[PDB]
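Undergrad: Attaching a single structure in structure tokens format; questions to follow.
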Amino acid sequence: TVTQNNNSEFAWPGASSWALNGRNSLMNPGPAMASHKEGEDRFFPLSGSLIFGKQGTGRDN
Amino acid sequence: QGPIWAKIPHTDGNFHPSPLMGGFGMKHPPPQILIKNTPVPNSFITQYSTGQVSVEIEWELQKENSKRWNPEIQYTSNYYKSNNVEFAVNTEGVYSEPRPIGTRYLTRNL
Amino acid sequence: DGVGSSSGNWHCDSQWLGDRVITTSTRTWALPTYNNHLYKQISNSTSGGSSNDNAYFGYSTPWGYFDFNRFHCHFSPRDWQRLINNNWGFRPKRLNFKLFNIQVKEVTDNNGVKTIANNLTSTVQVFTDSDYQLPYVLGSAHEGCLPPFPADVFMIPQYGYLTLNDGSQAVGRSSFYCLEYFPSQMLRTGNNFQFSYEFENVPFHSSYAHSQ
Amino acid sequence: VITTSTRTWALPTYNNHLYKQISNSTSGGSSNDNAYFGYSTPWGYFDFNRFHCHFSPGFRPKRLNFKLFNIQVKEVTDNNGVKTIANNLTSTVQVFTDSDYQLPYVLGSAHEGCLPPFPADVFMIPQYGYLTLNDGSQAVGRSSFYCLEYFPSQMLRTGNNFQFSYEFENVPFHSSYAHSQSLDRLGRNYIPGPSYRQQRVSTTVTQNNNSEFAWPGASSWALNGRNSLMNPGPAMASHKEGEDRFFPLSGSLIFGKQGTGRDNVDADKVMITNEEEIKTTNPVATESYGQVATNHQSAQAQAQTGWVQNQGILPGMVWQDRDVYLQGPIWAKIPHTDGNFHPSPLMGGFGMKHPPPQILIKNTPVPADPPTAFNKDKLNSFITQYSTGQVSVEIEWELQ
Amino acid sequence: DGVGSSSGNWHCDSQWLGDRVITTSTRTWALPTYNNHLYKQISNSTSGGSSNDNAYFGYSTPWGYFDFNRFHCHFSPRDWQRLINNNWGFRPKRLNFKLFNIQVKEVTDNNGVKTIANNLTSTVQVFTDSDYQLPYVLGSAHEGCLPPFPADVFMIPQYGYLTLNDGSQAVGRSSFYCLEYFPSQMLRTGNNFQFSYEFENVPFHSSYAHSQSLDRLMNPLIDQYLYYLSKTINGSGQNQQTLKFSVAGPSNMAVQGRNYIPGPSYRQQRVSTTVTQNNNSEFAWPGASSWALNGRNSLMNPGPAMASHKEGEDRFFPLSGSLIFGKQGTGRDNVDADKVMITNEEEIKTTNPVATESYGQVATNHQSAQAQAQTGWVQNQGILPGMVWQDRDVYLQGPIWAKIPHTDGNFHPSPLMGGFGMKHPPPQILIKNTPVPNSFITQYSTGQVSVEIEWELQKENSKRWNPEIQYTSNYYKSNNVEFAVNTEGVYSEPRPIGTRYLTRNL
Amino acid sequence: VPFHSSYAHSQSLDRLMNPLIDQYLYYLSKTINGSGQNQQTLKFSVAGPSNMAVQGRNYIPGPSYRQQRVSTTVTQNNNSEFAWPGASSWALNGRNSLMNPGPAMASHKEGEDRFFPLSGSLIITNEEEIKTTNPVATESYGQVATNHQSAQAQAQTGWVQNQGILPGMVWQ
Amino acid sequence: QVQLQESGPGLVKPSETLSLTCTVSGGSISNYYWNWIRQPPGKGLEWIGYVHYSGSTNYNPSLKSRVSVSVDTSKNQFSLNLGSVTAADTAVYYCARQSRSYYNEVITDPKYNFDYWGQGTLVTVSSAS
Amino acid sequence: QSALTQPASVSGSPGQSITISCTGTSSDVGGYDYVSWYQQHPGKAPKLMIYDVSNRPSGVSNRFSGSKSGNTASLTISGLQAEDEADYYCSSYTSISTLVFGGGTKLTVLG
């Protein structure tokens, strides 16, 4: 649900990353961890879960 | 829709090499298969090729031994009335995959 | 063997035998000519690469590769159901690859219209890296694998690789690879190519959910 | 008797090598009884199921043999404003038989597209498509979808050939005689076969009623809420002896004369068969089966009777099947079910659980030039193409 | 062999081997003494039998019998799932029965309290009817079968039978049967009894739903060379008679000539589960489909195999058409709709007519210039040549086999409540407490029963691309796990489970 | 050929049940609570020895083609000529044929031996031995519903005069 | 057979809080999303909001300030509290159930199609008694 | 948000197909295929005729059908009957994950 999320551009500035030789790589998908607590279907953990496109999905944004 | 294998990077050490996007980590995965059109003459004939590819994998299974009394969760298609059958083509002939399908349905004791 | 004799048949199906499954998939492919036969240096500054985290250096090659890493290549949705509902675990054993019924076309613009016809003397080069000397790009969850539906014809991806960089510039430890330096097999329209592979022993993937 | 045929065929390319959902709505809609859902395939198929394929102008088939050879692949272009048909030698053609009967079986519906009766004709190969479960135009969750690519098939270049032999399963000899005697003219030990009454129509229009009764007056069976005309129906005598101007409404096969139109053609353009040969053992299609007692007589109650409009099987019935015609079908596939009775198909011929298999064929798509920059979408651009060749089919028949 | 040595072990489990399944079930039973060891005449007038249709005459015997003839006896819910999701067909092969660890008790009231202790000399009589000389009561869907859940102990039913009657009185052709006249085996607390049976060859019970409907078997893309009569008039006016003809083709699929026609029907009345849209009158008996035999009306139940309702109407069920099961803890008389579970036969609609619909129409007269065409509804239709149909489905709770009555002739002997019809079904197993002295010691016995059936399977070969429907358990969180015992320890089955999920082409 | 049967069944097709025990099956006992408006309900009850008519049964009696009932006592019979018009018959090629003897059916109900089927007997032998598995030649096979009931429509039935083979029939 | 029943005062004085409870019977609250819909007499439906057993809620933007929806899993009932009511809040209030999702494959918010409905209760907002 | 817009009333003769439409903004209707149709008989709770634009639940006849073009979704009722007269509402999922209803449409069967 978009209303619950904070009203700011935290998509990259709030993401778990790891740095290698001075470069920051996003942590994706990362270690295997459950996506959400029991009974909390709406939430997803950012870069943590694999995301697939539906048929005919646009490449950008 | 997901990946099958990955190549374990060749390094001094690693821990639980199983890859993070899922699948089977391997030091000698299925090898790469490279292909090109032999150039026919820096001025060449504009050229392309086509053909067939067949691939055959043998998979080993581990059968389900459980003593659970009540019935399992199973991956099923609901009985629905809709314009398009799932996992099939539409009127314009486009094939689609409606949802990602996981591998985990049957249960085990911890 | 001949121009008028087919070099291989069409095999797609799955055989469920006891503890084993054999899934055969056959697709029709099309390979263009990439980079006009020219290995080319590529880096971020070519596109401007404004971020340091995005900095890369590498090459794009005339070759193409066959990618079947994704699961829906080998399994229909039905066969995927039979697998996951009835089984606690699975893992690959043997791999068998075949490449056949090659056809080469030449593209000409005659007057204002384009013309395509058979070139019966042309060859296609194909080789496998069984010593794993080339950069291995398959395990990056890339696009270009055989289509889930068998009735689709797909475009082979253009091979490429990256190596060390500092910013967009290369370094003295960087490497370069000429795929022509590898012995390869050359195929006319009557030739066909095949090889067999053996998966190394891996643990069963656990297709089950804990009840505790 | 051994019959042999050979023909030359022409196979186009359907729907740009694509499977496409078709439905009631696809064809324009408007009828529940006519509602359907299904798919159309790039594949074509061979249908020899009519007799005149195997015959020039008691018996039963025994063996079958099929050959496909002399493959020729034509590629078509438009050069300037003219079309240029060139041979493509490298191209292939795919053929397979479904010998496990895993696909929908469409050969039993008496379709057009059969091998032509005249051995020098060249015929077009009809497209393969099938229907599955529907609700209205929409599909239910139980509906199935088949990709014919998912069968192993043999790919044929111009020097390749294809052959297989089939074995008919044991079936009873078709009766090709009319009994000299009749059932009642032999207290009786046996009674005539079953009946489902048809309306009677006369070939003299002034006799028939001046009203539209084609669907309203038609004998029908309802299934899942959809009404289907009963056609041709159970085997019954076409008319009483002495009246040849009447025929059962839906009760008889009807063939078209050469070059007959598709819609609303008068009676002289079509050949209406008559079954009267069987009137010895079978009831007349347009007549009641008999009469039964509807009450108990008494001092105060006259005996009352009523007419039997339809009669199921009774112990001691005998009946004759429907006759076969040189233009009619040979076999049908017995549906796979828990139970059936007298499986011999209603349009005539030999019913079989494992009928002659279907034979499926298509032109392997050859793409046009792809772009030189990689793109993931499937290729929609193909070389216009079609193929041709020779079909020979041999059937060994047994006679009585 | 001995009083202190057990005569048999406890076997319950299922072995899935290839094309075969072996299901072993072991239960603990208790047998009382029935009728104080007295064969007794019973008839309706004893209870008053006010209806002639209810008139019966027969006997009640001291003997008990074992009944394993329901499926949940041999299959756990999980094992039932493995069966129905993965298999097109199945059928029994071999039967293996064992009766062991017998114990006999004597009941005494000492002072004001009751006393029970071992009687080590007592015997139990047990015999099987392998010549099928006794009346066979197993195939009547009776209560008293081995419990679905193995941890329950159950009470053996009292055997009984009926014979001819006129009203409540007997007739000269009536029969009487003394089970003591059969050689039986007698068992002390160290003895055990076993025998092995062989099912006769029966067809696989189909467990799939057709993916095609009988009237859609055509190719949608091609016309038929056959012709149908499209128009009987050119237009409005006088003397407009004509005969027009058209090709049967994709545009009109109703009229195409077809090789096969749906199975038979005997119409049922239609009842709605929404009560307000049901007629406000008592029609349970007055409006019900019945058949009369020797002057008595028997309700037609469940009747021929017919689809329960048209597609899209799920609130309608045949009045006597389907099998109705009770939910756990349901009262014997006049329970509410929610308590009972009504099974449906929607899967077989592709080949069978709807139970509440007319089979079709037929012409009732000859048309003429003076007479319009007339039709009438076919309410019941016997077999015609070229009919195909599906049998009724079998359920986890439903019967397994029945005995085909021994008669001159029969047609499609498959029983109407579902299951495998057999001329020599699994034989009856009769048992009783040997009387210990018309004044006897109050006495009962208990022990174990194990039963083993070998089932043959028919594997699913289909080429269908998209995924099947499968029987599954929903992932919603609830107070009690389905098919498991609740806090008080009661086991229950939430719903009826059919056999038909996988699909086939027609 | 099969051995001809020369015996009479001791049981009747509808009485094959065990009289002491309930079925686990249910049937529809009541469609209304009481007299009045808007009384619709659905009530169910176990089929058991108390009511044996409504039990579910695995098999059903053989086919029937009804014959007119005739009494040996002339007074009882109608005072008219019903010998030909009354008799059941089957038509072949326009020629009507009397149904004689016809399908095997019980000659008369139990308790009435003075009645015999018009054309149904060999002449007067009686078939009453088979009344266990076969319907009476003078009786309707049963009833079937003729309509959909609804809030506005009462349930209607009609009499099956002739019935063909159905799966699960037995007969002598 | 799932049945919903709304209960609560049929009259509310203006500028007072409105309270209603829906008690589900035959089925537990479970994993379902419970919704409140209101229909002003002779006017179209309007969606108030929903509640989930995890305590998640989503409200109508126009009502988001003054509305609250609560769930009690123990008593098998969920509630509506609408504050500072005016005469515009007179309506028939329904409780409904979001249709069950047969798949646990993806992470998404609920798309609203209602499977079951209460009978509804009329609530009049008036100063008079 | 802004409500969806519908015709206030539509009438037709029994046997004639009827089409009701609801117009919505690009974000609410045009954007996603989640539009439901409810019929409400007087004094009753709404019943769900169509969900997910064209899908229909078990218990709903063929005669009801729906479709979507651009910003407008339409409900089609084929071969309508007397029992088919009711109020039909369009429902839609919005961009901010809120539900929005149409104004309602009354269907009158002429006769």
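Each chain of the structure tokens is named A, B, ... in the order shown, its residues numbered from 1; ligands are numbered from 1 in display order.
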What's around residue 205 (chain C) at 10 Å? Count only C-alpha atoms, leave out sequence neighbours fewer than 5 positions away in its own chain, and write the answer as a list in words.
TA: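 Once the nearby chain positions are removed, what remains is residues 18, 22, 23, 24, 61, 62 and 103 of chain B; 88, 89, 90, 91 and 92 of chain C.
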Undergrad: Using only C-alpha atoms, which chain H residues lie at most 8 Å away from chain E, written as a PyMOL selection string?
TA: chain H and resi 58-62
Undergrad: For a quick check of understanding, using only C-alpha atoms, which of B:47, B:96, B:74, B:52 has the smallest distance to chain A?
TA: B:96
Undergrad: Using only C-alpha atoms, select each residue of chain D with any atom at most 12 Å away from an atom of chain A, and give the selection as an NGL selection string.
TA: :D and (375-378)
Undergrad: Those same residues - C-alpha atoms - I'd like them written as a compact mmCIF listing (two decimals), in the first residue's frame.
TA:
```
# COMPACT_ATOMS: atom_id res chain seq x y z
CA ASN D 375 16.27 -8.23 -28.20
CA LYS D 376 14.38 -10.70 -26.03
CA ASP D 377 11.00 -10.67 -27.77
CA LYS D 378 9.96 -13.62 -29.88
```
Undergrad: Pull the closest atom pair for each residue of chain A that gets at most 8 Å from chain H, along with the distance in Å to one decimal, counting only C-alpha atoms, ordering rows by chain and then ascending residue number, as CSV.
TA:
```
residue,atom,partner,partner_atom,distance
A:1,CA,H:97,CA,5.8
A:2,CA,H:96,CA,5.8
A:3,CA,H:96,CA,6.3
```
Undergrad: With only C-alpha atoms as the counted atoms, please give the residues lying no more than 12 Å from residue 43 (chain H), apart from itself and same-chain residues fewer than 6 positions off, as a PDB file with N, CA and C atoms, in the first residue's frame.
TA:
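File produced: selection03.pdb:
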```pdb
ATOM      1  N   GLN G  39     -24.064   2.780   2.691  1.00  0.00           N
ATOM      2  CA  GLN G  39     -24.898   3.294   1.619  1.00  0.00           C
ATOM      3  C   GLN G  39     -25.852   4.331   2.186  1.00  0.00           C
ATOM      4  N   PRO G  41     -29.128   6.436   2.190  1.00  0.00           N
ATOM      5  CA  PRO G  41     -30.386   5.979   1.589  1.00  0.00           C
ATOM      6  C   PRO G  41     -30.630   6.650   0.248  1.00  0.00           C
ATOM      7  N   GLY G  42     -30.891   5.830  -0.767  1.00  0.00           N
ATOM      8  CA  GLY G  42     -31.057   6.332  -2.113  1.00  0.00           C
ATOM      9  C   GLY G  42     -29.808   6.875  -2.767  1.00  0.00           C
ATOM     10  N   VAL G  92     -26.844   3.124   5.673  1.00  0.00           N
ATOM     11  CA  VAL G  92     -26.883   1.719   6.034  1.00  0.00           C
ATOM     12  C   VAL G  92     -25.457   1.208   6.002  1.00  0.00           C
ATOM     13  N   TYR G  94     -22.746  -1.777   6.100  1.00  0.00           N
ATOM     14  CA  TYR G  94     -22.545  -3.182   5.814  1.00  0.00           C
ATOM     15  C   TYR G  94     -21.171  -3.592   6.296  1.00  0.00           C
ATOM     16  N   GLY G 118     -22.823  -8.596   5.201  1.00  0.00           N
ATOM     17  CA  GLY G 118     -23.828  -8.572   6.232  1.00  0.00           C
ATOM     18  C   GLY G 118     -25.163  -8.193   5.653  1.00  0.00           C
ATOM     19  N   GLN G 119     -26.184  -8.165   6.506  1.00  0.00           N
ATOM     20  CA  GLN G 119     -27.478  -7.691   6.031  1.00  0.00           C
ATOM     21  C   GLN G 119     -27.538  -6.173   6.041  1.00  0.00           C
ATOM     22  N   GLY G 120     -26.772  -5.541   6.913  1.00  0.00           N
ATOM     23  CA  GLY G 120     -26.751  -4.099   6.993  1.00  0.00           C
ATOM     24  C   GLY G 120     -27.611  -3.577   8.128  1.00  0.00           C
ATOM     25  N   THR G 121     -27.202  -2.443   8.675  1.00  0.00           N
ATOM     26  CA  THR G 121     -27.956  -1.773   9.719  1.00  0.00           C
ATOM     27  C   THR G 121     -28.064  -0.296   9.401  1.00  0.00           C
ATOM     28  N   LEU G 122     -29.247   0.249   9.616  1.00  0.00           N
ATOM     29  CA  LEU G 122     -29.490   1.666   9.418  1.00  0.00           C
ATOM     30  C   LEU G 122     -29.046   2.409  10.666  1.00  0.00           C
TER      31      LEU G 122
ATOM     32  N   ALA H  86     -32.188  -4.672 -11.061  1.00  0.00           N
ATOM     33  CA  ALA H  86     -31.561  -4.332  -9.795  1.00  0.00           C
ATOM     34  C   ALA H  86     -30.689  -3.109  -9.998  1.00  0.00           C
ATOM     35  N   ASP H  87     -29.962  -2.698  -8.972  1.00  0.00           N
ATOM     36  CA  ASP H  87     -28.995  -1.621  -9.088  1.00  0.00           C
ATOM     37  C   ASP H  87     -27.609  -2.208  -9.267  1.00  0.00           C
TER      38      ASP H  87
END
```
Undergrad: Got a sec: who's within 7 Å of region 364-370 of chain E, counting only C-alpha atoms, leaving out chain neighbours fewer than 5 positions off, as a PyMOL selection string?
TA: (chain D and resi 199-200+207-210+309) or (chain E and resi 375-376)
Undergrad: Those same residues - C-alpha atoms - I'd like them written as a PDB file, in the first residue's frame.
TA:
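Result file part28.pdb:
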```
ATOM      1  CA  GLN D 199     -40.611 -34.944 -37.393  1.00  0.00           C
ATOM      2  CA  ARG D 200     -41.653 -35.867 -40.939  1.00  0.00           C
ATOM      3  CA  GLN D 207     -47.565 -30.691 -48.435  1.00  0.00           C
ATOM      4  CA  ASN D 208     -45.398 -29.347 -45.607  1.00  0.00           C
ATOM      5  CA  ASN D 209     -46.729 -26.741 -43.184  1.00  0.00           C
ATOM      6  CA  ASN D 210     -46.331 -23.045 -43.978  1.00  0.00           C
ATOM      7  CA  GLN D 309     -42.772 -41.508 -28.841  1.00  0.00           C
TER       8      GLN D 309
ATOM      9  CA  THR E 375     -42.867 -31.703 -29.747  1.00  0.00           C
ATOM     10  CA  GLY E 376     -42.853 -32.994 -26.204  1.00  0.00           C
TER      11      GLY E 376
END
```
Undergrad: Write out, as CSV, each residue of chain A that has an atom at most 9 Å from chain C, together with the closest pair of atoms and their distance in Å to one decimal, counting only C-alpha atoms, rows going by chain and rising number.
TA:
```
residue,atom,partner,partner_atom,distance
A:22,CA,C:53,CA,8.1
A:23,CA,C:53,CA,4.8
A:24,CA,C:53,CA,5.7
A:25,CA,C:53,CA,7.1
```
Undergrad: Within 9 Å of residue 68 (chain H), counting only C-alpha atoms, which residues show up once you throw out same-chain ones fewer than 3 positions away? Write them as a ChimeraX atom specification, please.
TA: /H:29-30,33,35,53-54,71-75
Undergrad: Export, as a PDB file, in the first residue's frame, the selected residues with C-alpha atoms.
TA:
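In the end it all went to selection.pdb:
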```
ATOM      1  CA  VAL H  29      -9.890   2.218 -13.561  1.00  0.00           C
ATOM      2  CA  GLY H  30      -7.832   2.710 -16.663  1.00  0.00           C
ATOM      3  CA  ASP H  33      -7.727  -4.564 -14.291  1.00  0.00           C
ATOM      4  CA  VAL H  35     -13.149  -3.635 -11.543  1.00  0.00           C
ATOM      5  CA  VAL H  53     -12.860  -6.827 -15.073  1.00  0.00           C
ATOM      6  CA  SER H  54     -14.106  -9.899 -16.947  1.00  0.00           C
ATOM      7  CA  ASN H  71     -10.824   4.466 -19.009  1.00  0.00           C
ATOM      8  CA  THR H  72     -14.267   2.872 -19.342  1.00  0.00           C
ATOM      9  CA  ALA H  73     -15.385  -0.558 -18.174  1.00  0.00           C
ATOM     10  CA  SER H  74     -18.699  -1.943 -19.357  1.00  0.00           C
ATOM     11  CA  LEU H  75     -21.085  -4.576 -18.031  1.00  0.00           C
TER      12      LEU H  75
END
```
Undergrad: Using only C-alpha atoms, which of D:77, D:27, D:392, D:84 sits nearest chain E?
TA: D:27
Undergrad: Could you please write out, as an NGL selection string, every residue of region 10-141 of chain F that DSSP assigns to strand (DSSP E or B)?
TA: :F and (23 or 25-32 or 40-46 or 48 or 51 or 60-61 or 64-65 or 69-71 or 89-92 or 95-98 or 106 or 115-117 or 136)
Undergrad: For residue 139 (chain F), find every residue with an atom within 8 Å (counting only C-alpha atoms), except residues of its own chain fewer than 6 positions away, and show them as an MDAnalysis selection string.
TA: chainID F and resid 66:67 161
Undergrad: So which residues touch region 77-93 of chain B within 9 Å, counting only C-alpha atoms, skipping near sequence neighbours fewer than 5 positions away, as number ranges by chain?
TA: B: 98; C: 77, 149; D: 15, 18-23, 26, 39, 134-135, 137-146; E: 465-470; G: 102; H: 54-58
Undergrad: How many Å lie between CA of residue 361 (chain D) and CA of residue 148 (chain D), rounded to one decimal?
TA: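 Calculated distance between CA of residue 361 (chain D) and CA of residue 148 (chain D) is 10.0 Å.
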Undergrad: Give me the chain G side of the contact with chain H, cut-off 10 Å, one line per residue showing its nearest atom pair and distance in Å at one decimal, counting only C-alpha atoms, sorted by chain and residue number, as a Markdown table.
TA:
```
| residue | atom | partner | partner_atom | distance |
| --- | --- | --- | --- | --- |
| G:42 | CA | H:104 | CA | 9.9 |
| G:43 | CA | H:103 | CA | 7.3 |
| G:44 | CA | H:103 | CA | 5.0 |
| G:45 | CA | H:101 | CA | 6.3 |
| G:46 | CA | H:101 | CA | 6.3 |
| G:47 | CA | H:99 | CA | 6.3 |
| G:48 | CA | H:99 | CA | 8.8 |
| G:49 | CA | H:98 | CA | 8.3 |
| G:58 | CA | H:98 | CA | 7.7 |
| G:59 | CA | H:98 | CA | 7.5 |
| G:60 | CA | H:98 | CA | 6.6 |
| G:61 | CA | H:1 | CA | 7.2 |
| G:62 | CA | H:1 | CA | 7.7 |
| G:94 | CA | H:45 | CA | 7.7 |
| G:95 | CA | H:45 | CA | 9.7 |
| G:96 | CA | H:45 | CA | 9.4 |
| G:109 | CA | H:97 | CA | 7.5 |
| G:110 | CA | H:97 | CA | 8.1 |
| G:111 | CA | H:93 | CA | 6.2 |
| G:112 | CA | H:93 | CA | 6.7 |
| G:113 | CA | H:51 | CA | 6.2 |
| G:114 | CA | H:48 | CA | 6.7 |
| G:115 | CA | H:48 | CA | 7.0 |
| G:116 | CA | H:47 | CA | 8.1 |
| G:117 | CA | H:45 | CA | 6.3 |
| G:118 | CA | H:45 | CA | 6.9 |
| G:119 | CA | H:45 | CA | 5.8 |
| G:120 | CA | H:45 | CA | 7.1 |
```
Undergrad: Which of these residues is nearest to residue 39 (chain F), using only C-alpha atoms: F:64, F:79, F:151, F:140?
TA: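 Using only C-alpha atoms, residue 39 (chain F) sits closest to F:151.
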Undergrad: Compile the residues of chain D that lie within 7 Å of chain F, evaluated using only C-alpha atoms, and express the compilation as an NGL selection string.
TA: :D and (187-188 or 240-241 or 279 or 283-284 or 289-294 or 296-305 or 311-315)
Undergrad: Please dump the current selection as a short mmCIF file (atom, residue, chain, number, x, y, z; two decimals), in the first residue's frame; keep N, CA and C atoms.
TA:
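Generated output (part_10.cif):
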```
data_model
loop_
_atom_site.label_atom_id
_atom_site.label_comp_id
_atom_site.auth_asym_id
_atom_site.auth_seq_id
_atom_site.Cartn_x
_atom_site.Cartn_y
_atom_site.Cartn_z
N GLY D 187 -47.87 -64.11 -31.27
CA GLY D 187 -46.78 -64.28 -30.32
C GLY D 187 -45.44 -64.40 -31.02
N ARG D 188 -44.50 -63.55 -30.65
CA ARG D 188 -43.20 -63.48 -31.31
C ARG D 188 -42.08 -63.45 -30.28
N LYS D 240 -42.12 -44.89 -44.30
CA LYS D 240 -42.94 -46.08 -44.50
C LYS D 240 -42.84 -46.54 -45.95
N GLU D 241 -43.10 -47.82 -46.17
CA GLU D 241 -43.08 -48.36 -47.52
C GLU D 241 -44.21 -47.76 -48.34
N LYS D 279 -35.92 -51.15 -42.94
CA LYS D 279 -37.27 -51.08 -42.36
C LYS D 279 -37.79 -52.44 -41.92
N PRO D 283 -37.86 -49.62 -36.50
CA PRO D 283 -39.04 -48.77 -36.61
C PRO D 283 -38.79 -47.62 -37.56
N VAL D 284 -39.89 -47.04 -38.03
CA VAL D 284 -39.79 -45.91 -38.94
C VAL D 284 -39.49 -44.65 -38.14
N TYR D 289 -43.34 -45.77 -31.64
CA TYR D 289 -42.88 -47.14 -31.49
C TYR D 289 -44.05 -48.08 -31.26
N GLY D 290 -45.12 -47.59 -30.65
CA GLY D 290 -46.23 -48.45 -30.33
C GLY D 290 -47.22 -47.75 -29.42
N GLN D 291 -47.97 -48.56 -28.67
CA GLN D 291 -48.95 -48.08 -27.72
C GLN D 291 -48.87 -48.89 -26.44
N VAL D 292 -49.21 -48.24 -25.33
CA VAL D 292 -49.18 -48.87 -24.01
C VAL D 292 -50.45 -48.52 -23.26
N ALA D 293 -50.74 -49.33 -22.24
CA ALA D 293 -51.89 -49.10 -21.38
C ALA D 293 -51.57 -47.98 -20.41
N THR D 294 -52.46 -47.00 -20.31
CA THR D 294 -52.26 -45.89 -19.39
C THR D 294 -53.06 -46.00 -18.10
N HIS D 296 -55.98 -48.69 -15.46
CA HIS D 296 -56.67 -49.94 -15.17
C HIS D 296 -58.11 -49.82 -15.63
N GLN D 297 -58.53 -50.73 -16.50
CA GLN D 297 -59.93 -50.79 -16.88
C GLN D 297 -60.77 -51.26 -15.69
N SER D 298 -62.05 -50.95 -15.75
CA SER D 298 -63.00 -51.36 -14.72
C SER D 298 -64.39 -51.19 -15.29
N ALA D 299 -65.39 -51.51 -14.47
CA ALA D 299 -66.76 -51.24 -14.88
C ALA D 299 -66.96 -49.78 -15.24
N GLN D 300 -66.31 -48.88 -14.51
CA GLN D 300 -66.47 -47.45 -14.72
C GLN D 300 -65.39 -46.83 -15.59
N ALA D 301 -64.40 -47.60 -16.02
CA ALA D 301 -63.25 -47.04 -16.71
C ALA D 301 -62.96 -47.79 -17.99
N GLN D 302 -63.08 -47.10 -19.12
CA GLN D 302 -62.67 -47.69 -20.38
C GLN D 302 -61.16 -47.85 -20.43
N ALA D 303 -60.72 -48.82 -21.22
CA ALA D 303 -59.30 -49.00 -21.44
C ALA D 303 -58.74 -47.81 -22.21
N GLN D 304 -57.67 -47.22 -21.68
CA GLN D 304 -57.03 -46.08 -22.29
C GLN D 304 -55.60 -46.42 -22.66
N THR D 305 -55.15 -45.89 -23.78
CA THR D 305 -53.81 -46.14 -24.29
C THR D 305 -53.13 -44.82 -24.59
N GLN D 311 -38.44 -45.04 -27.28
CA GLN D 311 -38.32 -46.30 -26.57
C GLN D 311 -36.85 -46.65 -26.44
N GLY D 312 -36.41 -46.89 -25.21
CA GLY D 312 -35.08 -47.40 -24.99
C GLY D 312 -35.00 -48.88 -25.27
N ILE D 313 -33.80 -49.42 -25.09
CA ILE D 313 -33.58 -50.84 -25.30
C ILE D 313 -34.51 -51.65 -24.41
N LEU D 314 -34.96 -52.79 -24.93
CA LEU D 314 -35.68 -53.81 -24.19
C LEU D 314 -35.05 -55.15 -24.49
N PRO D 315 -35.04 -56.08 -23.54
CA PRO D 315 -34.53 -57.42 -23.83
C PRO D 315 -35.32 -58.05 -24.97
#
```
Undergrad: I need the residues of region 20-154 of chain D that end up classed as helix (DSSP H, G or I) by DSSP on the backbone, written out as a PyMOL selection string.
TA: chain D and resi 51-53+148-150
Undergrad: Within 7 Å of chain A, which residues of chain G are there when counting only C-alpha atoms? Please give them as a PyMOL selection string.
TA: chain G and resi 54+107-109
Undergrad: For the residues in that selection, give me N, CA and C atoms as a tab-separated table (two decimals), in the first residue's frame.
TA:
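Dumped to again_31.tsv:
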```tsv
chain	number	residue	atom	x	y	z
G	54	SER	N	-3.78	-8.83	11.82
G	54	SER	CA	-2.48	-8.31	12.23
G	54	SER	C	-2.60	-6.90	12.77
G	107	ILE	N	3.56	-11.00	-3.11
G	107	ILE	CA	3.29	-10.06	-2.04
G	107	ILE	C	2.57	-8.88	-2.66
G	108	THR	N	1.31	-8.69	-2.30
G	108	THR	CA	0.53	-7.60	-2.86
G	108	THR	C	-0.49	-7.11	-1.87
G	109	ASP	N	-1.04	-5.93	-2.08
G	109	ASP	CA	-2.09	-5.49	-1.19
G	109	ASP	C	-3.40	-6.06	-1.73
```
